[PDB]
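There is one chain below, alone, in structure tokens, taken in the form deposited in one PDB entry.
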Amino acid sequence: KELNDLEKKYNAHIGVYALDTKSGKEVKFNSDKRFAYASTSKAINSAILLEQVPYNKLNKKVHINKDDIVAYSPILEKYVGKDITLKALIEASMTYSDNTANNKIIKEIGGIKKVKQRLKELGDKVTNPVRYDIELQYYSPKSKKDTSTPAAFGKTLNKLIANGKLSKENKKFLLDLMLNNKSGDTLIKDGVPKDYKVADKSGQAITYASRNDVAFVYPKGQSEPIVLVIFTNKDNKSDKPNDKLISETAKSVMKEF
């Protein structure tokens, strides 16, 4: 309804899935439509690693070489020939959307093929990781590669983080990164009521103005999060997104709760 209106105001396509984990209440709009998840996949990879490595053991270091470095790695770019702890990899991936950190997290997990296995165990047969960064960012409406539906992606985010194989410490370390992430400030954070806490991970693919934001939103007073997945995109390959679209979509969706 009003989301269709926002699709008209911004000449864009909105994908929404939101789940209040307390009530089990869901808001869906183009929720079974495929979108490039882009960097929002970093939250998923980070959480999967965290299921396998206890907080105390995030101090394990791993070697970084030139072959590991991919574009848009503001943190990892300085670790060629150096060691980095898994904790700092996760921090890089989440806070700076470091692409090299995210690939190394997927490697730690055991590779794309293992992320796929985990996804399927969580009943997610939609989220479709195929490539590492940055190649996963070359979205095409014609390919399913590195795409998901807001519903499949949110359900996974809910089963992985919102409840709940993560220890209290690993769950806190991930969510704090997401809460403290100043790079998602123009998205969901921008549209939610100022007293709501928002723990997000944003994404922007190279093509079709694919701009996304996923978050754990805590309406003031509630501790149970509302999982919010907003995927947007446009008709043209070189289209530039408008973050206000996501900000407005989040505002609208939050009234439903």
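When you see a residue number, it is the position in the sequence shown, counting from 1. Shifts are known only where both forms have a C-alpha. What we label the rigid core is the largest C-alpha set whose atoms superpose within 1.5 Å from one form to the other.
Taking only CA atoms, the mean B-factor in the PDB entry is higher for 181 to 189 than for the other of 181 to 189 and 144 to 152.
The mean C-alpha temperature factor is higher for 164 to 172 when 99 to 107 and 164 to 172 are set side by side.
Each of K244, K9, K25, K234 has a CA temperature factor in the record; the biggest one is found at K9. Reading the B-factor column for the CA atoms of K82, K87, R131, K114 in the entry, the top value corresponds to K114.
Split the chain's modelled residues into thirds by C-alpha temperature factor. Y55 is in the middle one. The PDB entry assigns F29 a C-alpha temperature factor belonging to the middle third of its chain's modelled residues. When the modelled residues of the chain are ordered by their C-alpha B factor, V217 lands in the middle third. Split the chain's modelled residues into thirds by C-alpha temperature factor. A71 is in the middle one. Sort the chain's modelled residues by C-alpha temperature factor and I226 lands in the middle third, per the entry.
The discussion below concerns the form deposited in another entry, not included here.
No residue in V227, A199, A205, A47 other than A205 shows a CA shift of 2 angstroms or more between the shown form and the other one after fitting the rigid core. The rigid-core alignment places the CA of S23 less than 2 Å apart between the shown form and the other one. The pair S210 and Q117 is at least 3 angstroms farther apart at the CA level in the other entry than in the present model. Look at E91 and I206: in the other entry their Cα atoms come 3 Å or more closer than in this form. After fitting on the rigid core, stretches of 3+ residues whose CA atoms all move by 2 angstroms or more between the shown form and the other one lie at 204 to 210, 235 to 241.
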